[PDB]
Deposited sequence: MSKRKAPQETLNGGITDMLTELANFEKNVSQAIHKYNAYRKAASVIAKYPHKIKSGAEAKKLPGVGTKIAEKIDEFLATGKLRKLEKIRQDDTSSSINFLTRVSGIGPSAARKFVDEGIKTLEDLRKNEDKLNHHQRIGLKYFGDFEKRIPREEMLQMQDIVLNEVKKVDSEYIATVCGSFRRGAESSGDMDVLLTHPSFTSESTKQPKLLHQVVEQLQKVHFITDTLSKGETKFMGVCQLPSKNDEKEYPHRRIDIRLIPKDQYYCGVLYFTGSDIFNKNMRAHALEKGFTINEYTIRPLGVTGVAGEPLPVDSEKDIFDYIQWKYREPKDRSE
């Protein structure tokens, strides 16, 4: 629904989620608050009481109490307090830098490094990832309009094919489900020569080529199967330059590729539903494989998968195109 409904409550819960994760280092509380925020965000009524909210799965006694306080007073004492806490707010802020997690942010604030300006002045204390995250701090917080993702995909698919026309590349994520904007670009790559039983240059040569045509600008991490870096669309030579964007590229064995594409296309919710359903039909699906479950629950060998549809067929599901994988 629109924010007008329960945006005050869901903003409250997301803020609380962030402090749990970045300050208290309580990742399961972070996810509990996020779960609560999402179920409330989908609730098609403006909530009148904590009790009403507690009926929703993921909202318990304490969040119901917080909702009561927020509805009565328009705020939450504990969040007002942590918001003005110099240490906690600074730790929370610093984690917006890619590469600065809760542990680094706490360490920085402990020694008086609290702002982007402070980080800019203490580059020797930043690792390579963190330096890149700082350099592109604002760019990395911008969304990517679908039209730019299409231009991005144009470049990726062209250059991949140029390196070896037998590569298979798929841009996944919400983009593949048809989303009007994305947060980053997630590219899944395979090659008929790379199987689970099989070159440690297949990923490198694609990354190199994207660097050679000046699409990839920076590297956060790169190994034999996963690249995580930065890219930028070329600008009209005249026009404003495009923001730098996060791009990941994963090399996946061919016999696990479509399980990978299915998983990294999502949704998260659709993934959970499909996995639930697979179990009930006697299969276990993870990001790599689909395997049959015996009558005592013992997993068999992975089943051949040569399309996304193969996975749907095994669990006797109607194939659904990515646009209908919302749930």
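Colleague: In sequence order, name the stretches of the deposited sequence that have no C-alpha in these coordinates.
Modeller: Missing from the model are residues 1-6, 205-206.
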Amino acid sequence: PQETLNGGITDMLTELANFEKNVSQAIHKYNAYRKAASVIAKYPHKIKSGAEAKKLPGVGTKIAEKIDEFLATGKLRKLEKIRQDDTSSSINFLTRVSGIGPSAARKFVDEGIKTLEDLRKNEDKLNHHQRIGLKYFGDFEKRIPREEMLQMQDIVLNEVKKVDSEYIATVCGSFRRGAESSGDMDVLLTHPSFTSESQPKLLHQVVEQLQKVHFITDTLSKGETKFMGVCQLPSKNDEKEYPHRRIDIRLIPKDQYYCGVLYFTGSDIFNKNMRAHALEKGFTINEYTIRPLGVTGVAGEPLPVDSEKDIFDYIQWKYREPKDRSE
From here on, numbers count along this sequence of modelled residues.
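Between two forms, the rigid core is the largest collection of C-alphas that superpose within 1.5 Å.
Colleague: Between 100-108 and 73-81, which one strays more from this form in 7 other deposited structures of this protein if you match the rigid core and compare Cα atoms?
Modeller: The more displaced stretch in 7 other deposited structures of this protein turns out to be 73-81.
Colleague: 174-182 versus 124-132: which one's CA atoms end up farther from this form in 7 other deposited structures of this protein after a core fit?
Modeller: Once the cores are fitted, 174-182 deviates more in 7 other deposited structures of this protein.
Colleague: Among the other entries of this protein that model both neighbours of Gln199, is it absent from at least a third?
Modeller: Per the records, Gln199 goes unmodelled in at least a third of the other entries.
Colleague: Quick check: 199-207 versus 69-77, which has the larger average CA B-factor in the record?
Modeller: If you average the C-alpha B-factors of 69-77 and of 199-207, the larger mean comes out for 199-207.
Colleague: May I ask you to compare 250-258 and 116-124 by their mean CA B factor in the entry and name the higher one?
Modeller: Taking the mean C-alpha B-factor of 250-258 and of 116-124, the larger value falls to 116-124.
Colleague: For the listed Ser193, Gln130, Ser88, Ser181, which has the peak Cα B-factor recorded in the PDB entry?
Modeller: Highest C-alpha B-factor among the listed options: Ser193.
Colleague: Compare the CA B factors listed in the entry for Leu56, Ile63, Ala32, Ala276 and report the winner.
Modeller: In this record, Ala276 carries the highest C-alpha B-factor of the candidates.
Colleague: By the record's CA B-factor, is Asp313 among the lowest, middle or highest third of residues in the chain?
Modeller: Highest third, going by the recorded CA B-factors of the chain.
Colleague: Rank-wise, by C-alpha B-factor, drop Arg96 into the lowest, middle or highest third of its chain.
Modeller: For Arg96, whose C-alpha B-factor we compare with every modelled residue in the chain, the answer is the lowest third.
Colleague: Looking at the C-alpha B-factor of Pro102, is it in the lowest, middle or highest third of its chain?
Modeller: For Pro102, the deposited C-alpha B-factor lands in the lowest third.
Colleague: Going by the recorded CA B-factors, say which third of the chain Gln151 sits in, lowest, middle or highest.
Modeller: Tercile = middle for this residue's CA B-factor.
Colleague: For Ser24, does the deposited CA B-factor place it in the lowest, middle or highest third of the chain?
Modeller: Lowest third of the chain for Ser24's C-alpha B-factor.
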